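Asker: Mind looking over this structure? Questions follow.
Ideal geometry is used to build each Cβ from the backbone, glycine not excepted, and the neighbour counts take in all protein chains shown. What follows is calculated from the coordinates using simple rules that are stated; it is not laboratory data.
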Amino acid sequence: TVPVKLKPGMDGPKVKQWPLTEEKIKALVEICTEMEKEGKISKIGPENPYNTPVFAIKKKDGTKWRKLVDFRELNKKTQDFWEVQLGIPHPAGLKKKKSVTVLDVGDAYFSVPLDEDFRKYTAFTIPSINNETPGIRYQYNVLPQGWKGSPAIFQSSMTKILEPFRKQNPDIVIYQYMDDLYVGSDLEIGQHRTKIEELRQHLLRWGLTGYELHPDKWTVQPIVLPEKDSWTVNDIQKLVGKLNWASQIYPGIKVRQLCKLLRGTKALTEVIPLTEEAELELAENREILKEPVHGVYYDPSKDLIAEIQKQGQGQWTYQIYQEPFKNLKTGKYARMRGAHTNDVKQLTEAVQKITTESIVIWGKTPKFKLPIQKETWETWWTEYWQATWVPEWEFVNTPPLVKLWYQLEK
Amino acid sequence: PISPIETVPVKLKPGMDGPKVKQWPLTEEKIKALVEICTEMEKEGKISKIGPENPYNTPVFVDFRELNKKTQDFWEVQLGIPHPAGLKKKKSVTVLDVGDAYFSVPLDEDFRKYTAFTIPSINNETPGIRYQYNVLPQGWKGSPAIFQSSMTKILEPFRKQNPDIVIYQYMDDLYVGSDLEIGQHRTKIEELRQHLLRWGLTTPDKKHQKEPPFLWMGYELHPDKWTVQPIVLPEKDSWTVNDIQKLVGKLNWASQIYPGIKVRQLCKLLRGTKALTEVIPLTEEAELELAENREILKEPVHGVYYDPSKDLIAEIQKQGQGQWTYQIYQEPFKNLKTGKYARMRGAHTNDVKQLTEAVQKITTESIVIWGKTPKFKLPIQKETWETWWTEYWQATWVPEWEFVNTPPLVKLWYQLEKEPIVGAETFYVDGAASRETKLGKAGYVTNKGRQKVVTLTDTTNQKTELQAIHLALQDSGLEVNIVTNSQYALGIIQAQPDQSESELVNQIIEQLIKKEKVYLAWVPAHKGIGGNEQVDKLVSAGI
RNA sequence: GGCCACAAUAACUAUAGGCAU
DNA sequence: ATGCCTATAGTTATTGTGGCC
Ligand SMILES: Cc1ccnc2c1NC(=O)c1cccnc1N2C1CC1
């Protein structure tokens, strides 16, 4: 066992418990009763002031209710243990592959026990209907799911068991993050399923126990300008305003020649022909949009920021950036056509899509900017949440200028 | 060796120690009576005599205010107060009052030395007899926390033996309710009394049991219904300044049961800040909604208990400007709980958007009390609902809602055109104002040749751009094309303003309903666009 | 006077736009 | 760059109702 010490000056997490539905409350008790008998969680008295938020999520593969505990408040204080004391190495050749398979390894953490002094900080309260019961309390005796300090201690044992796997396959690069395992293979799709099955069979030999992503298909889609045979005043006025907002992002684009076409007061119905200078500049601006802009670099010291915008009619776009008006990775997700789609579900699946891509390329949880209320989001996010890792999100205003620009992206 | 029910270890804060305050001056008249109290508690096993080994001192009033600051933080006793509307209907309800509650549950040996108090001397400043609390003291922060946790362990096997009965604990009082007959219910309480007697808890007999009408949190409780206590208000003259706010608080407490409660006009009088005795006179608009509120208070009404088999139904009504009231009910006419949404931060919130914000308030409240999402009934059409949110930036989702028409129907005023109108007159909108002396100009230049320039006194830059749109729509035909340069003016026309603010915008809104088609476009300011530069030179001629 | 639950009212920070120097 | 305006998010301080020490 290893003693865990907190950051000096800072006290333990104290967050108010968010209420859950009647179906979710009874689902949490069933899991907590089974874990108590095995030796995973134990009851504590009212002397404990530390509280941890707890939610309920549904599974697709195991079709059962799973317990989700948010450690976002604790992770800000326990960042010294998982980075300074015991850091996780990240390879550069992880983002460049053919197929990435995601496997859950969160069940393996229930074997290694937690420190005696740290047990009191992992206490959580279960919400009740109309506050009939005072609140049943449980503390983690082993490594909890969703905590960044769990893989740091398990790292010494994880490297030993993956040692014969890494020796057999030198070209295949493996990476561990939180509770999800990411394996990148350069083999064929028919051979990719065989390699994962051999790795999964090795886990059963130790003791503890289709979803696929394409890292090569995350190519940056260029923003193309609408092609029109006859340009009207109304079409120009919208074109100048959109490209002027993007002038701070792209220095190459100039709106000097476009404004000189209009002389004096004119109606929008009137058709204005483009000159030789106007046709040359507009065609040159498309080349700057296709070619990646100079000045894009990754910096691990600065925090990653992500902003998702609503477009309408089942269209969503996101921008990943470290500095304002300086994009690093751009992409868009339309609609999950097949069964059922709504305003929350299309946004919940969007956040999970960026988070998974953020781990493979970089390896950090970004700040998600959502066009939704705090009271609305913190109630319906649990219904479609599947991933055990919970990123930090903030709620801000969505400008009309950013909405009308990224709609032309192919 | 003396204390039962296994003591829970309690420690102080590492930052500072316990109290060190000296004893208060002598009274003599009150000390003599306290001697008999301390002797009686010593024989039972509550306090014990100690020597000069204890340095800690506690003043006798006994105040524990200094001790609570030194004591560590405990987890809250109650998470949200239970509402009578969300409770289950029971056939027979019996309450049990615990005698010697904190006297039974003891304190840990390590913490016993910190709760030591000194009795005031008789004469000549004598040391007297020192005493320390062995059990839970009266007025301690951790007293309601440990007692509730200890009672849960006592009633832990009792709940498993009888799943049909529902028992609730509140500080000292315990509520027992079941759907069983009066004969079977009386036997269960007698068995419950013997379970508590084993630890050392005093319970009243059958003759000392309280009647079905209960008084809890200001609510009158009944086995089949529930009602609020009648509020008596003075009906003669409006007194002082704070009593006006007291009437709002009385209406706030009445909002949970009475559906017809208006508070918007009363809050308008409380706009005056920094006042001890202001004395606000009554006005026509403020007393207008106050008269109808008193009429509903005259008739007594009762609420209904929650039933798990039936689904919850909610309906939204509009009673005033920027105010929404809702009622939750399972059966018609019989209401469970009523609510309100009256807060306006200042700017426009939109009637369709604020309605959705009101629904979210019900949804979140339904999770805490009921535990399930209710079926909503909105006064808005399905066609209007789909048009608003698809063009708006913010996303929201309502799972189950049905279309039911109500007498106060809410309808959309106007919608902006996506495509420009052919053969219509083009209007260019641009305005400028100065910070000094507060002066601004508004004008518009058309393709025909007509123009009008006016001067305004005491105005900001945001208002001068707003005034130019009003003048452009005033001297125009039916189909109007508006080209604006400001981003601020673009957001107001796209949304629907309906509040105390935006009085100047209300003149524009009224005109927009009269016109058939109105187009709006945005252009960048100060660049060199034909039509925008001509208006810019006129407004900045004197500024 | 502090603590707990819920409400109404005033102030302060991030984003977007604007004015003035 | 700072001071001064508006809007979209959030936060706090104040008062009130119901209780408690
Ligand atoms: C004060 C109180 C606290 C907690 N629950 C209840 C009540 N009491 C009610 O009076 C009560 C009355 C009638 C039916 N259920 C009730 N109830 C579920 C047990 C009723």
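Asker: What's the Cα-based Rg to Rh of chain B, Rh via Kirkwood?
Answerer: Values: Rg = 34.3 Å, Rh = 30.4 Å.
On the Cα set of chain B, Rg over Rh gives 1.13.
Asker: If r is the Cβ-Cβ distance from A:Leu208 to A:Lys59 and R0 is 22 Å, what FRET efficiency results, to the nearest 0.05?
Answerer: Working: r = 18 Å, r/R0 = 0.80.
Given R0 = 22 Å and the Cβ-Cβ separation, E is 0.80.
Asker: Per residue, how big is the convex hull around the C-alpha atoms of the stretch A:305-403? Give it to me in cubic angstrom, could you?
Answerer: Values: hull volume 10.7 nm³, N = 99.
So the per-residue hull volume is 108 Å³.
Asker: Another one. Which trypsin sites (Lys or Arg not before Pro) in the stretch B:443-543 sit in a loop by DSSP (not H, G, I, E or B) and have at most 11 other Cβ atoms within 10 Å of their own Cβ?
Answerer: Numbers: sites: B:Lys448, B:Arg450, B:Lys452, B:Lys463, B:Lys514, B:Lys515, B:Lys517, B:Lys527, B:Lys537; in loops: B:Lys448, B:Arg450, B:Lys515, B:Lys517, B:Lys527.
Those satisfying the criteria are B:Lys448, B:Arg450.
Asker: Give the Cα extents of the stretch B:242-298 along the principal axes, in whole Å, largest first.
Answerer: Here the spans come out as 33, 22, 16 Å, largest first.
Asker: Sequence gap of 8 or more, or different chains, plus Cα separation below 29 Å: how many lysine pairs satisfy both in the stretch A:153-264?
Answerer: 13
Asker: When a/c reaches 1.5 or more, the comparison of a/b and b/c decides; with that in mind, is the protein assembly as shown rounded, prolate or oblate per its Cα gyration tensor? Before the final figure, lay out the partial values.
Answerer: Values: a/c = 2.12, a/b = 1.40, b/c = 1.51.
Oblate shape, in that a/c is at least 1.5 and b/c is the bigger or equal ratio.
Asker: Tell me, in nm to one decimal, what length is gained between A:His340 and A:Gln373 on full extension, where the rule is 0.36 nm per residue of separation less the Cα-Cα distance? Don't jump to the answer; show the numbers that get you there.
Answerer: Details: separation 33, 0.36 × 33 = 11.88 nm, distance 2.24 nm.
In short, 9.6 nm is gained.
Asker: Shifting gears a bit: Listed here are the pairs A:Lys403/B:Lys377; A:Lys7/A:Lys120; A:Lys95/A:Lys364; which of them are more than 24 Å apart at the Cα? Mind dumping the intermediate values first?
Answerer: Working: A:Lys403/B:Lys377 32 Å; A:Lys7/A:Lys120 16 Å; A:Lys95/A:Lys364 14 Å.
Beyond 24 Å: A:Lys403/B:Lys377.
Asker: Now for a separate question. Given A:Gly39, B:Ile261, A:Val293, which one lies farthest toward the positive end of the charge dipole of the protein assembly as shown, if we put +1 on the Cβ of every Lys and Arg and -1 on the Cβ of every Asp and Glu?
Answerer: Checked the options; the winner is A:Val293.
Asker: A further question follows. List the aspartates and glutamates whose Cα lies under 12 Å from the Cα of A:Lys369, skipping any in the same chain that are fewer than 8 positions away.
Answerer: By straight Cα distance, A:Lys369 reaches A:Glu307, A:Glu392, A:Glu394.
Asker: Which far-off residues, 5 or more places away or on another chain, put their amide H under 5 Å from the one on A:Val142, with H placed in the peptide plane?
Answerer: Amide H neighbours of A:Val142: A:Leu114.
Asker: At 0.36 nm per residue, and after removing the present C-alpha to C-alpha distance, how many nm does the segment from B:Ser121 to B:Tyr168 gain when stretched out fully? Walk me through the intermediate numbers first.
Answerer: Values: separation 47, 0.36 × 47 = 16.92 nm, distance 4.50 nm.
Computed gain between B:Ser121 and B:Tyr168 is 12.4 nm.
Asker: Using the Cα centre of the stretch B:31-197 as origin and beta-carbon charges of +1 (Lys, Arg) and -1 (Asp, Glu), tell me which of B:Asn134, B:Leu155, B:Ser178 is placed farthest towards the positive end of the dipole.
Answerer: Checking the options against the dipole of the stretch B:31-197, the answer is B:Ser178.
Asker: Antiparallel DSSP bridges in chain B: what percent, to the nearest 5?
Answerer: 75 percent
Asker: For B:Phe333 and B:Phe158 in one chain, what is 0.36 nm times their gap in residues minus the Cα-Cα distance, to one decimal in nm?
Answerer: Working: separation 175, 0.36 × 175 = 63.00 nm, distance 3.90 nm.
59.1 nm is the gain from fully extending B:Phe333 to B:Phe158.
Asker: Next up: Using the Cα centre as the reference, give the magnitude of the dipole from point charges on the C-beta atoms of the stretch A:233-290 (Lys, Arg: +1; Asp, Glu: -1; all else neutral), rounded to the nearest 20 debye. Walk me through the numbers before you get to the answer.
Answerer: Details: 9 positive and 8 negative charges, 56 e Å.
So the dipole magnitude of the stretch A:233-290 works out to roughly 260 debye.
Asker: Quick one: order B:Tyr341, A:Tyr318 by neighbouring beta-carbon count within 10 Å, fewest to most. Show your work: numbers first, answer last.
Answerer: On the way: B:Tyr341 19, A:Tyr318 22.
Fewest-to-most Cβ neighbours within 10 Å comes out as B:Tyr341, A:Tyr318.
Asker: Still on this structure, I have one more. In a solvent-free Debye calculation with one equal scatterer on each Cα, what is log10 I(q)/I(0) for the stretch A:1-47 at q = 0.29 Å⁻¹, listed in the order of the q values?
Answerer: Debye intensities relative to I(0), on a log10 scale: -1.06.
Asker: Can you work out D for the stretch B:181-312 in µm² s⁻¹ from Stokes-Einstein, where Rh is the Kirkwood radius over C-alpha pairs, the temperature is 25 °C and the viscosity is 0.890 mPa s?
Answerer: Details: Rh = 19.2 Å.
In µm²/s, the coefficient is 128.
Asker: In whole Å, what three semi-axes, largest first, describe the equivalent ellipsoid of the stretch B:307-403 built from its Cα gyration tensor (square root of 5 times each eigenvalue)? Please list the in-between numbers first.
Answerer: Working: eigenvalues 109, 49, 32 Å².
Semi-axes, largest first: 23, 16, 13 Å.
Asker: Along the charge dipole of the protein assembly as shown, pointing to its positive end and built from +1/-1 on Cβ of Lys, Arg, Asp and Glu, which listed residue (B:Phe403, B:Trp388, B:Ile513) has its Cα farthest out?
Answerer: Of B:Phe403, B:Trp388, B:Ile513, it is B:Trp388.
Asker: Go through the stretch A:22-32 residue by residue and turn each phi into a ³J(HN,Hα) via Karplus (6.51, -1.76, 1.60, θ = phi - 60°); whole Hz please, and just put x for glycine and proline.
Answerer: The phi angles translate into 4, 6, 6, 5, 5, 6, 6, 5, 4, 6, 5 Hz.
Asker: Let me spell out the model: positive unit charges on the Cβ of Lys and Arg, negative unit charges on the Cβ of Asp and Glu, origin at the Cα centre of the stretch B:268-411. What dipole size does that give, in debye rounded to 20?
Answerer: Rounded to the nearest 20 debye, it is 380 debye.
Asker: Further question: Restricting to DSSP H runs of at least four residues, report the calculated mean residue ellipticity at 222 nm for the protein assembly as shown, -39500 (n - 2.57) per run over all residues, nearest 500 deg cm²/dmol.
Answerer: Working: 27 runs with 279 residues, N = 953.
Helix-only estimate at 222 nm: -8500 deg cm²/dmol.
Asker: Give B:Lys225/B:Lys318; A:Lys310/B:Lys372; A:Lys16/B:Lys411; B:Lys90/B:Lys340 a once-over and call out the pairs whose C-alpha atoms are over 31 Å from each other. Provide the component values of the computation, followed by the final result.
Answerer: Numbers: B:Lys225/B:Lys318 28 Å; A:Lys310/B:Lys372 29 Å; A:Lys16/B:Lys411 40 Å; B:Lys90/B:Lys340 29 Å.
The answer is A:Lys16/B:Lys411.
Asker: Which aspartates and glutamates, if any, have their Cα less than 17 Å from the Cα of A:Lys290, not counting same-chain residues under 8 positions apart?
Answerer: Cα-Cα hits under 17 Å: A:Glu227, A:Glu281, A:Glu409.
Asker: For A:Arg137, list long-range residues whose amide hydrogen, built 1.01 Å from N in the peptide plane, is under 5 Å from its own amide hydrogen.
Answerer: Amide H neighbours of A:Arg137, under 5 Å, 5+ apart: A:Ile44.
Asker: Assuming a strict under-21 Å limit between Cα atoms, what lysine pair count do you get for the stretch B:425-539 once near-sequence pairs (fewer than 8 apart, same chain) are dropped?
Answerer: Here the count comes out as 14.
Asker: How many angstrom separate the Cα center of the stretch B:1-80 from the Cα center of the stretch B:350-417?
Answerer: So the two Cα centres are separated by 56 Å.
Asker: Where the only charges are on Cβ atoms (+1 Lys, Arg; -1 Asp, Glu), what is the dipole of the protein assembly as shown about its Cα centre, to the nearest 20 debye?
Answerer: On the way: 127 positive and 123 negative charges, 195 e Å.
Taking the Cα centre of the protein assembly as shown as origin, the dipole is about 940 debye.
Asker: Take the eigenvalues of the Cα gyration tensor for chain A, scale each by 5, and report the square roots as semi-axes in whole Å, largest first.
Answerer: Numbers: eigenvalues 440, 138, 78 Å².
After diagonalising the Cα gyration tensor, the semi-axes are 47, 26, 20 Å.
Asker: Per-residue HN-Hα couplings for the stretch B:136-149, Karplus 6.51 cos²θ - 1.76 cosθ + 1.60 at θ = phi - 60°, whole Hz, x for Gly and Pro?
Answerer: 5, x, 7, x, 9, 5, x, 5, x, 6, 6, 4, 6, 6
Asker: Further, regarding this structure: Which percent of Cα pairs goes in each bin when the distances of the stretch A:223-308 are cut into 5 angstrom slices starting at zero?
Answerer: 2, 11, 21, 22, 16, 10, 7, 5, 4, 2, 0
Asker: Another question about this same structure. Could you count how many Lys pairs in the stretch B:242-298 have their Cα atoms under 15 Å apart, skipping same-chain pairs fewer than 8 positions apart? Please report the intermediate quantities before stating the final value.
Answerer: Details: B:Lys246/B:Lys262; B:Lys246/B:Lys268; B:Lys250/B:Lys262; B:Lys250/B:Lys298.
Value for the stretch B:242-298: 4.
Asker: Here's a follow-up. Amide H of B:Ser92: which non-local residues (sequence gap of 5 or more, or other chain) have their own amide H closer than 5 Å, using H built in the peptide plane?
Answerer: Amide H to amide H, under 5 Å and 5 or more residues apart or across chains, B:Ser92 pairs with B:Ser178, B:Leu180.
Asker: Provide the per-residue ³J(HN,Hα) series for the stretch B:232-246, in order, calculated from phi with Karplus coefficients 6.51, -1.76, 1.60 and θ = phi - 60°, each as a whole number of Hz, with x at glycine and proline positions.
Answerer: These are the phi-based 3J(HN,Hα) values: 9, 10, x, 10, 8, 9, 6, 9, 6, 10, 6, 5, 5, 6, 5 Hz.
Asker: Calculated FRET efficiency, A:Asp235 and A:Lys326, Cβ-Cβ r, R0 41 Å, to nearest 0.05? Don't jump to the answer; show the numbers that get you there.
Answerer: Working: r = 29 Å, r/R0 = 0.71.
The pair A:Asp235/A:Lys326 has a calculated efficiency of 0.90.
Asker: Out of the DSSP beta bridges found with both residues in chain A, what percent are antiparallel (nearest 5)?
Answerer: Details: 38 of 46 bridges.
Antiparallel: roughly 85 percent of the beta bridges in chain A.
Asker: Here's something else I'd like to know. Binning every alpha carbon pair distance of the stretch A:68-111 at 10 Å from zero, what are the percents per bin?
Answerer: 18, 33, 41, 8
Asker: Test of understanding: ordering A:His192, B:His302 by Cβ neighbours within 10 Å, fewest first, what list do you get? All intermediate terms of the calculation are to be shown ahead of the outcome.
Answerer: On the way: A:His192 18, B:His302 14.
With the sparsest Cβ surroundings first, the list reads B:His302, A:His192.
Asker: Same structure again: What distance in nm separates the two pseudo spin-label positions at B:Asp311 and B:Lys411, each 7 Å out from Cα along the beta-carbon direction?
Answerer: 3.0 nm
Asker: Assuming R0 = 30 Å, what is the FRET efficiency of B:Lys298 and B:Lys375, from their Cβ-Cβ distance, to the nearest 0.05?
Answerer: Numbers: r = 32 Å, r/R0 = 1.07.
That pair, B:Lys298 with B:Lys375, gives E of 0.40.
Asker: Starting from the Cα gyration tensor of the stretch B:434-543, take the square roots of the eigenvalues, sort them a ≥ b ≥ c, and report rounded, prolate or oblate (rounded when a/c is under 1.5, otherwise prolate if a/b is larger than b/c, else oblate). Each step should come with its number before you reach the end.
Answerer: Values: a/c = 1.57, a/b = 1.14, b/c = 1.38.
Here the stretch B:434-543 falls in the oblate category.
Asker: Rg to Rh for the stretch A:109-157: what is it, with Cα atoms only and Rh by Kirkwood? Before the final figure, lay out the partial values.
Answerer: Details: Rg = 13.7 Å, Rh = 12.4 Å.
We get a ratio of 1.11 for the stretch A:109-157.
Asker: Could you let me know the centre-to-centre spacing of the stretch A:274-289 and the stretch A:86-158, using Cα atoms, in angstrom?
Answerer: 55 Å
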